[PDB]
Amino acid sequence: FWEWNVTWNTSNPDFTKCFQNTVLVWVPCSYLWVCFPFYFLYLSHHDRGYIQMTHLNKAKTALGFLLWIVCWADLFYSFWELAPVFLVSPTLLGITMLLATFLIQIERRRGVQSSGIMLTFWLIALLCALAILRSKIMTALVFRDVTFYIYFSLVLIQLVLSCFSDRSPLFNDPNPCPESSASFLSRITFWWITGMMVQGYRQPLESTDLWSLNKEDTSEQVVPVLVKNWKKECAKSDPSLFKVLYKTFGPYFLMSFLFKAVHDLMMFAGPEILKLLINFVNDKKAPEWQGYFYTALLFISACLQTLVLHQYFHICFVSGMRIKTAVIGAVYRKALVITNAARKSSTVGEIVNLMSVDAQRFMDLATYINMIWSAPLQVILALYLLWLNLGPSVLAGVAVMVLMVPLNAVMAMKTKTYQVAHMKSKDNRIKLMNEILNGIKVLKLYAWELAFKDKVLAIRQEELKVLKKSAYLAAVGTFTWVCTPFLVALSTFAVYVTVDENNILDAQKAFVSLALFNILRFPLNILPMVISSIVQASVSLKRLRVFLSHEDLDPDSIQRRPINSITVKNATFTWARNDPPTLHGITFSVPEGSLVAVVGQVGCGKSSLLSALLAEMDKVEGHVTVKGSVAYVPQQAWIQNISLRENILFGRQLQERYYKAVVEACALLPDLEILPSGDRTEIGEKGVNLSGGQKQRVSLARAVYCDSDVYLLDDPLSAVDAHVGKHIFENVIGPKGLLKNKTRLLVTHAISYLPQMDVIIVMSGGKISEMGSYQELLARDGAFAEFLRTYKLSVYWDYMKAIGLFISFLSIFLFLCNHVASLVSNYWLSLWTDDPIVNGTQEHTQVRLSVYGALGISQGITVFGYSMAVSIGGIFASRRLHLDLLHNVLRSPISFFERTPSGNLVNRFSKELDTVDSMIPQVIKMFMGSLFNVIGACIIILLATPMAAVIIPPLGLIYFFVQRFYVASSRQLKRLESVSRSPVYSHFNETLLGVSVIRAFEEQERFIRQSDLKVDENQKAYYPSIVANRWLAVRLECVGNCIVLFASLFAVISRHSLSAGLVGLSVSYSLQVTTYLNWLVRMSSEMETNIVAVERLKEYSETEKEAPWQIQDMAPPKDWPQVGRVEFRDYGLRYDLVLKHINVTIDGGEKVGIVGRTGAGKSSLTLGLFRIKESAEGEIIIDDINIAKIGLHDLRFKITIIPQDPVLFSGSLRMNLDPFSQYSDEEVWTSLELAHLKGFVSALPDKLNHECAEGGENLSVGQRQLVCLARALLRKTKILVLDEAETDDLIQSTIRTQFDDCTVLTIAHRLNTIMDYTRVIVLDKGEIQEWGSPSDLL
Ligand SMILES: Nc1ncnc2c1ncn2[C@@H]1O[C@@H]2CO[P@](=O)(S)O[C@@H]3[C@H](O)[C@@H](CO[P@](=O)(S)O[C@H]2[C@H]1O)O[C@H]3n1cnc2c(N)ncnc21
C-alpha cells in the first residue's frame, strides 16, 4: 500500500484500502494493549474506593459490550462464505474492545470519575475511524460498510460519555480541593482554579477562603513515610539521605521524565513542519491539502506540547512541595528527639536556617533537575538539526551564544559586588536617618535640620556613584540580550555566504535555522543555574544527612512508673559520651509527697540532678525510677509567644477555680495588673517583654497548673524578690501551699526555707556528701554545716515627571528606533532570501549583507542608548524623589512626627527608595521590551499577511481577561503565602528554645501536631500560586497556538501572492510570540505592584508643613534679642487648651523659672518660645519683634534650649557642637573649657574629632549633658531655656556662672534649683497661679 499517487500527489487524498484496514485499526487497539499493563500499576497503587452503580458507568459498559459484538459480527460475516485482513482486523479490534470495557469496569472498582486513558484512547480511535469514514463515504457517493458506520457512531457516543465525570466514591475537608474531583479535561486545562480566579477578582482573598489540601499533600501523610524509610535505612546501616529521598518521592517523580521527553520532541517538531511549509509555499502547482494538512499539524503539535509540559511542571513542583513538607516534619521530629550533647554543637540558627533555605532549595530544585538531561540533549539535537541545515558555518553562529553564557555570568557576579557596595552605603544612610527620626526634637530646637540634610545628601552622593556604575553596567547587559538574535543571525549568514559563492541562502536555510537558534537560547542559558542549584542542593543534602544522623536520647535512663517516688542508686550521668561524668555518685530515695532541697556550692551539680531525672543527662551507669508525671520548672524560663493564659494552661482544659487559685499563689496578680490585657497579653520575645522574675512565676504557674505528682524545680525563686519568694514558697511549694501531697524536689541556694524542707540533699562536685534532714544535718555538723558557714494611572505620569519629560520621550523614541531596526532587519532577510539564482549564484549577495550589518549595528547602538537613557533617568528620578521627600519630611511640623506611626517613615526611606532606584528601571526596561516584542510579532504577522486582522480582537480579549484575573488574584496569593511562611520558623525557634520543658511535660505530640497545622497552612497558600502560574501558562500558550494556526492558515490561503521568505518570517515570529506574551503578563504584574512605591514616596507632598524657616521680608536685625525681653501676651497653645490666659513679662537679663506639676503647661511653654506648635491665640513678642512673624530658623538660632535628655548625634564632637562649622575653633575650645569639659575633651586621642556612637553611648550621661551645655554656651544667645530632670551641681553652677547676662527660663521638677531663680511663674493647669519672686512666694 502507501502509493504516493492516491495518498500524497492527488486532488482527492484517500488512504489506501489496505492501509485503512491495517494501520488505522492497529493504532488504537495497540495503544490500549501497551497502556493496559502499565495502568494496573496506577490503578493498584492509587485507590479511592469504588464508585456506585450509575447510569453513565452502565451506559459506557453496555456500549462496550455492543461495540465488541459489532466488531466480532464482522468476523462472523468474514467466516460466512476471503481476504486475510477481513478476519484479523475485526477480531483484534473486538479483543481490545473487550479490554476497554473491562478497563472502565475496573476503573469503577478502583474509583475513577473520569479517565484520561479511556479518553485519549477513544480520541485516537475516533480520528482513525474518521479517516476510514471519509474514505468509505468517498468510495460510495452496505455489506461491511454499515458495520463500520455502527462502530463509528458507537465510538463517538462512547467518547462523548467518557468526558463526563462519574459520581464521587461513598468512601469532610470543608472547602476541599477540586483537583481530586475534576474531570480529565479540567485537570489537563487547569480549569478548576478559574473559580478562585474570578472570585479573587471580586472578593479579596483571606486565609479561610483557600481550599483545603488533598489527602496526599497533608504533612500527616508525607512525614510518617519519610520517617519510616529513614528508620529502615538507619537500622539497616554512613546512611545516605539521597537514597531515602529517591525511594520515597522518586516513583511519583519519574512520571516527569516521559512528559519532558514528549515536550522536547514536540518542541523540535515545530521547525520541521515550518520547513515543510516553506517548501510548500515555494513549491507552486502543489495541492492545497498538503498546506492545510500541515497548518493542522503545527497547531496540534503546539497544543499537545503546551499541555504535556505543564503536567511535568505540576508533577515536579508537587514532588518539590512534598519534599519540603516531609523534610520540615522530619527535622522537627529529629530536633525533638536528639540528645543535648549533639544539639549544643550545632547552632540554633543553624537548624532554623536548615528549614529556612536548605529544605526549600530541594523544593525549588524540583524545576532544575530534569534539565540535567533535557538541556544537553535538546542542545545537542538542535545543533545536529542546525548542522543538517546549513553546515559547519553554524558552529560560528552558535560560537557567540556559548560566548554569552560566561560573559553574562561575569556581568551578574560584578553587579553583585556593586549590590554589596550600594547596600553598604544604604546601611549608613538608614543609620543616620534613624538618628534623625528619634531625635527630631533637638534638631528643630537648634535649627540644625539643614546641616543634617547636607550629610544625608553626601551619603546619597556616595550611594549614587555606585548606582551610576551599576547603571552603566546594566546597559550592556540589556544590549547583548537584545543584540543576540541579530548577532547570531548575522554571524552565521555572513560566514555561510562568504565561505563559498555556491551556497544559496533560501527561506528554509535562513528561517528554520533562525528558529532553531531561539529553541537553543533557553537550554544554553539555564545550564549555569542548574549546576549552581545542584551544588547548593548537594551541600544541603550533606547538612541534612549529618543532622538526621544525630545521636538520640534513650527512655531506659529513667523507668517512669504510672501513678520511693524518686529512686536513684549508684547512678552516674554525663553531658556527653566522651566527657567525664558531671555526677559521679548519685544515690537517694525521695518518698511520695516530700520536699527535697538539693543544696550545694555553685558549680556542684544541682541542676544536673533534675536534668538527669528528666532523661536529659547521658546516663553512663545506674538506675533511676521516677514515678508518675513530672513538672519541670527550668532555671532559664521558657515562655511561649501565646498569651499568658495559654502559657499557664499549657494546652490543658481551663478550670477557672484552679487557674484562679494558681495565679495569685504565684503572686502573679500584680503582674497581671500591670500587663495591658491582663492574662490575655501576648508574652514572649515577640509580644510584651517580661522581667526574669515574672517569667519564673509564669513557668512555676504552668507547672503547678499541669498538676503533676513529681515536681523538679530548678531554682524557681532565683529572680523573684525575697518577699515574693517567701510568699510563693508559702502558697505553692511549702507543706501548707498548693503542692502539699506532691513530691517536690527543689534546687536552691537560699537558706531561708531550708528548715521547712523534709530532706536536704547536699552534693559535692557531683557527689552526695550527706543525705538527711535539716535538724539532723545541722546536728551532724558536717558538709551541711560547712555549707551554712559559707555564707491609579497618574502615578506613572508622576514617575515620568520625576525622570523628566525629555528623558522619557527620548528613551521611548530610541526604543521605537530599535524596534523598527529589528523589524527592517527581518524584512531585509525576507527580501534577501527571495532573490533568484543566475549562473549558479544569487544575483546580489554583498550589498544585502552590508545593509543587514548596518541595520543590526544601528539596532545595537540604540539598544545601548535607550538602556543608558532610562539608567540616567532612573538615577535622576531617585535623586529628585529623595530630595523632595526629605524636604517634605523636614519641613513638616513636629505634630506630624508625633501623630504618624513611628516606623512607617523608616521603611519608606529604606525599602521603597530601594524599590525606586534599582527595581523600577530594570522592570520598565524588560516590560517595554516584551510589549514591543509582542507588538512586533503582531505587526510582522499582519504586514506579511494583510488580511489577518480578524483574529486580533478575540485573542486580545482573551489575553486581557486572563491577564486581569491573574494579576489581581496572584499578587494576593503571593502575599498570603509570604505571610504564612514565617510562623513555621517562629514555631521551630520556640520549640528549639523550650525543648527540655516540651519533653519534660511529655507534650511533644501536641507540638508535633501544631507544626503540622502551620506547614499545612503555608502549603494551602503556596499550591494555588503554582496552579495560578499554570493557568496563565495554558491560557497564554493557547492564545499563541491560535496565533500560529491563523498565521499559517492565512499564509497558506494566499500562497500565490506571497513569497517563501515572508511566510517563513511570519511563522518564526508567531512561534516566538508565546514566550513574549507570557513574560509580558508576568512583567505587567511586576510593574503594577512595583510602581505603587512612587505613590507612597510622593506622600507628605501636601502634608501641612511648618511656617517658613526664613521669611526675608520681616527678618530681624543681627542683634535681634538685644536684652531678651520676653512677653507672653495672652498666649494660648492648642494641643482643649494646655496653655491658656498667659500674660507674663520676663525682663531682659532676669532669671525666671517655671514650676508646676505634671499636666501643667511648663514644657509646652518652651514649645511656645521656639514655635514648635503654632499659637492658637497669642502674641509672644521678644523685645519689639513678634515671634509668629519671624521665620522659624531665625528665632530657633537666636534662642537656645537645653532639653531633658541631650541628644548627641553620631560623628565628631565638633559636628555635635557646631554642625555648620560656623564658629571658629577658638570659640569651640573656649566654650568647652567653660563647660567643665576641657580636661575630658583634651583626653580623647582624636582631639575634637572624637567619634561618638549613636546617642553617645561611649560618653556618660553627665558628659552628654555637659556637651549640650557647651552647645548652648557656644551659641552665645541672650535667651536660654533649661529643662531639668550627680553632675547637677556642675551644670547648675555652670548655668549660674556666665549666663547671668542672658535671660534664662527654667523648667525644673526639683524645687531646690528653682529657689535660686527670682520671678518664679507657677502653672496650675495652664493658668498663671502666682507671678512674683520666691520671696513673695513664701
Ligand atoms: N520556553 C522558553 N523558551 C525559550 N525561552 C524562554 C522560555 N521560557 C522563558 N524563556 C525566557 O523568556 C525570556 C525571553 O526574553 P524577553 O521576553 S524579550 O524579556 C525578558 C523577560 O521579560 C524577563 C526575563 O526573561 P528570561 O527569563 S531572563 O529569559 C528569556 C527567555 O530565555 O525580562 C526580560 N529580559 C531578559 N533579559 C533581559 C535583559 N538583559 N534586559 C532587560 N530585560 C530582559
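Sequence positions in the sequence shown follow the UniProt record's numbering and run 15 to 95, 102 to 161, 169 to 198, 203 to 268, 310 to 635, 642 to 869, 958 to 1301, 1306 to 1455, 1462 to 1514.
Positions of the beta carbon are idealized from the N, C-alpha and C atoms, including for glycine.
_Cβ-based burial, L1383 [other Cβ within 10 Å; buried from 16]_ = In the sequence shown, counting from the first residue as 1, residue 1383 sits at position 1213. Buried.
*asked:* Output needed for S1136: all residues of its chain with C-beta closer than 7 Å, excluding positions within five of it in sequence on either side, in chain order.
replied: The residue you call residue 1136 lines up with position 970 of the sequence shown. Excluding positions up to five away in sequence, the list reads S1191, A1194 and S1251.
*Specify the secondary structure class of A213 as computed by DSSP and reduced to three states.*
Within the sequence shown, the letter at position 182 stands for residue 213. Coil at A213, not helix or strand.
*asked:* Only counting the same chain, and skipping five residues up and downstream in sequence, which positions put a Cβ closer than 8 Å to that of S497?
replied: One-based indexing of the sequence shown puts residue 497 at position 425. Closer than 8 Å at the Cβ level, and outside the excluded window around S497, lie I531, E534, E535 and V538.
*asked:* Measuring straight from C-alpha to C-alpha, what distance separates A546 and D1395?
replied: Taking the first residue of the sequence shown as 1, we reach residue 546 at position 474. Taking the first residue of the sequence shown as 1, we reach residue 1395 at position 1225. Roughly 47 Å between the two C-alpha positions.
*asked:* Would you say the beta carbon of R1384 is closer than 6 Å to some non-hydrogen atom of ligand 1?
replied: Locating residue 1384 in the sequence shown gives position 1214, counting from the first residue. Not so, every heavy atom of ligand 1 lies at least 6 Å from the Cβ.
*If you follow the beta strand (DSSP E) that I664 is part of, which residue opens it and which one closes it?*
On the sequence shown, residue 664 is found 586 positions in, with the first residue counted as 1. Counting along the chain, the beta strand (DSSP E) containing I664 begins and ends at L661 to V668.
*Whole-Å CB distance - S418 paired with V567, under 8 Å assumed*: Here residue 418 refers to the residue found at position 346 of the sequence shown. Here residue 567 refers to the residue found at position 495 of the sequence shown. So it is not a contact: roughly 58 Å between Cβ atoms.
_Quick check on DSSP: helix, strand or coil for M67?_
Along the sequence shown, one-based indexing puts residue 67 at 53. Coil at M67, not helix or strand.
*Identify whether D1354 lies in helix, strand or coil by the three-state DSSP scheme.*
Here residue 1354 corresponds to residue number 1184 of the sequence shown, with the count starting at 1. Here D1354 sits in coil by DSSP.
*asked:* If I follow the unbroken beta strand (DSSP E) through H1311, where does it start and stop?
replied: Translated into the one-based positions of the sequence shown, residue 1311 becomes position 1141. Run containing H1311: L1307 to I1316, per the beta strand (DSSP E) assignment.
*Kindly indicate which three-state DSSP category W520 falls into: helix, strand or coil?*
For the purposes of this step, residue 520 is taken as residue 448 along the sequence shown, with counting starting at 1. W520 falls in the coil class under three-state DSSP.
*Taking C-alpha atoms, which residue in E422, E521, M483 and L588 lies nearest to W459?*
In the sequence shown, residue 459 corresponds to position 387, counting from 1. Taking only the C-alpha atoms, the option nearest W459 is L588.
*Under the rule that 16 or more other beta-carbon atoms within 10 Å means buried, what is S189, buried or exposed?*
Your numbering for residue 189 matches position 162 in the sequence shown. With 16 or more Cβ atoms within 10 Å of its Cβ, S189 is classed as buried.
*List the endpoints of the continuous alpha helix (DSSP H) containing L1339.*
Along the sequence shown, one-based indexing puts residue 1339 at 1169. Taken as a continuous stretch (DSSP letters only), the alpha helix (DSSP H) holding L1339 covers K1332 to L1339.
*Under 7 Å between the Cβ atoms of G1230 and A579?*
Counting from 1 along the sequence shown, the entry for residue 1230 is found at position 1064. Counting from 1 along the sequence shown, the entry for residue 579 is found at position 507. Closer than 7 Å, so yes.
*Expressed to the nearest angstrom, what Euclidean distance is found between the alpha-carbon atoms of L855 and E848?*
For the purposes of this step, residue 855 is taken as residue 777 along the sequence shown, with counting starting at 1. For the purposes of this step, residue 848 is taken as residue 770 along the sequence shown, with counting starting at 1. Cα to Cα, the separation comes out at about 8 Å.
_Contact defined as beta carbons within less than 8 Å: I believe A120 pairs with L46. What is the distance between those atoms, to the nearest angstrom?_
Counting from one through the sequence shown, the residue named residue 120 turns up at place 100. Counting from one through the sequence shown, the residue named residue 46 turns up at place 32. That belief holds up - the Cβ atoms of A120 and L46 are roughly 6 Å apart, short of 8 Å.
*DSSP beta-bridge partners for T821?*
Taking the sequence shown and counting its residues from 1, one reaches residue 821 at position 743. DSSP lists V788 as the beta-bridge partner residues of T821.
*Do the segment 1316-1332 and the segment 1358-1376 touch if we need at least three Cβ pairs shorter than 8 Å?*
Using a C-beta cut-off of 8 Å, the segment 1316-1332 makes no contact with the segment 1358-1376, since fewer than three inter-stretch Cβ pairs fall below that distance.
*Return yes when the Cβ of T1470 is within less than 7 Å of the Cβ of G1432, no when it is not.*
Here the question's residue 1432 lines up with position 1262 in the sequence shown. Here the question's residue 1470 lines up with position 1294 in the sequence shown. Not a contact, by the Cβ cut-off of 7 Å.
*Would the beta-carbon of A471 fall within 7 Å of that of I591?*
Working through the sequence shown from its first residue, we reach residue 471 at position 399. Working through the sequence shown from its first residue, we reach residue 591 at position 519. No.
*What whole-angstrom Cβ distance do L823 and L795 have, given they're in contact under 8 Å?*
Numbered from its first residue, the sequence shown carries residue 823 at position 745. Numbered from its first residue, the sequence shown carries residue 795 at position 717. 14 Å between Cβ atoms; not a contact.
_Comparing C-alpha positions only, which one of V668, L186, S1401 and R1262 sits nearest to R1074?_
Within the sequence shown, residue 1074 is the residue found at index 908, counting from 1. Ranking the options by Cα distance to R1074, first place goes to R1262.
_With three or more C-beta pairs closer than 8 Å as the rule, is the segment 258-267 touching the segment 322-332?_
Between the segment 322-332 and the segment 258-267, the count of Cβ pairs shorter than 8 Å is below three; the stretches do not touch.
*Can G401 and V254 be called in contact, C-beta distance under 7 Å?*
As a first step, residue 401 is located in the sequence shown; it is residue number 329 there, counting from the start. As a first step, residue 254 is located in the sequence shown; it is residue number 223 there, counting from the start. Their beta carbons are under 7 Å apart, which means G401 touches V254 by this criterion.
*Identity of the residue in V1116, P1376 and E699 nearest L517 by Cα*: Residue numbering aside, residue 517 sits at position 445 when the sequence shown is read from its first letter. Of the listed residues, the one whose Cα sits closest to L517 is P1376.
*Please go through the same chain and pick out, in chain order, the residues whose beta-carbon is closer than 6 Å to the beta-carbon of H701, but skip the five residues on each side of it.*
Here residue 701 refers to the residue found at position 623 of the sequence shown. Contacts found: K647.
_Within the continuous beta strand (DSSP E) that includes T24, where are the two ends?_
Here residue 24 refers to the residue found at position 10 when the sequence shown is read from its first residue. It is not in any beta strand (DSSP E) - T24 carries neither H nor E in the DSSP assignment.
*Measuring alpha carbon to alpha carbon, tell me which of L980, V1013, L817 and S1380 ends up nearest residue 2.*
Here the chain has residues from 15 to 1514 only, and residue 2 is not among them.
*asked:* For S621, which residues in the same chain have their Cβ closer than 7 Å to its Cβ, ignoring the five residues on either side in sequence?
replied: Numbered from 1 along the sequence shown, position 549 holds the residue referred to as residue 621. Cβ neighbours of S621 beyond the five flanking positions: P311.
*asked:* Between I829, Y993 and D836, which has its C-alpha nearest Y869's C-alpha?
replied: Counting from 1 along the sequence shown, the entry for residue 869 is found at position 791. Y869 has its Cα closest to that of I829, out of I829, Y993 and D836.
*Note down the Cα distance separating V108 from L183, rounded to an integer number of angstroms.*
Start at 1 with the first residue of the sequence shown, and residue 108 comes out as number 88. Start at 1 with the first residue of the sequence shown, and residue 183 comes out as number 156. Those two C-alpha atoms are separated by around 23 Å.
*What do you get for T1328, buried or exposed, if any count of 16 or more other CB atoms within 10 angstroms of its CB means buried?*
Residue mapping note: residue 1328 aligns to position 1158 of the sequence shown, counting from 1. Classification of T1328: exposed, given that the 10 Å Cβ count is below 16.
*Hey, how far is the Cα of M1092 from the Cα of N425?*
As a working note, residue 1092 is residue 926 in the sequence shown. As a working note, residue 425 is residue 353 in the sequence shown. Their Cα atoms are separated by approximately 33 Å.
_Rounded to the nearest angstrom, what separates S243 and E1183 at their Cα positions?_
In the sequence shown, counting from the first residue as 1, residue 243 sits at position 212. In the sequence shown, counting from the first residue as 1, residue 1183 sits at position 1017. Using only the alpha carbons, I get a separation of about 9 Å.
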